[PDB]
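First structure 1, then structure 2: two forms of the same chain, each alone, as structure tokens.
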Structure 1
């Protein structure tokens, strides 16, 4: 019969269970599907026919994970790696963010659960460190120090000021 919200069993057409409920007992010849609500910390997000509800994933702080939203009985809990780490699907862990080499800066705004994007330093900016957070900082203005621009700076080093 209907592909959505319905399923066929023993010839007759039965109705599925709404999200938040599981299929306690399937349709008998004398009754329809009996659907009970998901227990504590459990959930189902689709129109299902599952024997039991799924258990919410544990946002383990020991894995540097934190919950963005706890999720309901109809919703999966969503986790993210804490500051400075990004989720890696291969190891299923929070890997350390990639450091940007001198001459390159960490693009801002920094993403929540994503790895650091490294962008080359533009004209007038420099980076002299390896950092996954620090972006390209502007050259020092020698006037602010009451000095003069001796030698111009690069993308890896700042300008040098002389009191001449």
Structure 2
């Protein structure tokens, strides 16, 4: 089987499980020697690789941070920091749209996506530009969509 095995010395020797690299090919005495990937390294396949793949750095200069895989078996994702979203056209993190007064941010907020803004409905207001703040209820004592009752 090509999936679990490679051929060497006229026999089918076993490939390395995801998370492990092929340190030594099989011998006339031994099957393959497979060792765990080091820090920030991975292999997500049954393989014959002589080294693990290194996770791409998430560039802090682009406002990116790492999303932890909690394993050595998955490729690692990055994401824009809270309040920012990845734009594939600029290939850059943009500030999330601030919903103007009279509008509120829709929840739940989606990581790495821009804010959806919706108008405050009767009985609710928003007095700030914010990419996170929902519309707030009027305090019970005239209010508008942009201002609380006085």
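Shifts are known only where both forms have a C-alpha. The term rigid core refers to the most C-alpha atoms you can superpose between the two forms while keeping them within 1.5 Å. Numbering follows the first chain given and starts at 1.
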TODO: Superpose on the rigid core, then tell me if the C-alpha of residue 44 is displaced by 2 angstroms or more between structures 1 and 2.
DONE: yes
- prompt: Is residue 86 among the residues whose Cα moves by 2 Å or more between structures 1 and 2 after superposition of the rigid core?
  reply: no
Does the C-alpha of residue 96 move 2 Å or more between structures 1 and 2 once the rigid core is lined up?
no
Taking the rigid core as reference, the Cα of residue 60 travels between structures 1 and 2 a distance in Å of 1.4
After superposing on the rigid core, the Cα of residue 33 moves between structures 1 and 2 by an amount in angstrom of 16.6
Aligning on the rigid core, one finds that residue 108 shifts at its CA between structures 1 and 2, in Å, by 1.0
Core-referenced diff between structures 1 and 2: runs of three or more consecutive residues, each Cα shifted 2 Å or more, sit at 2-58, 67-77
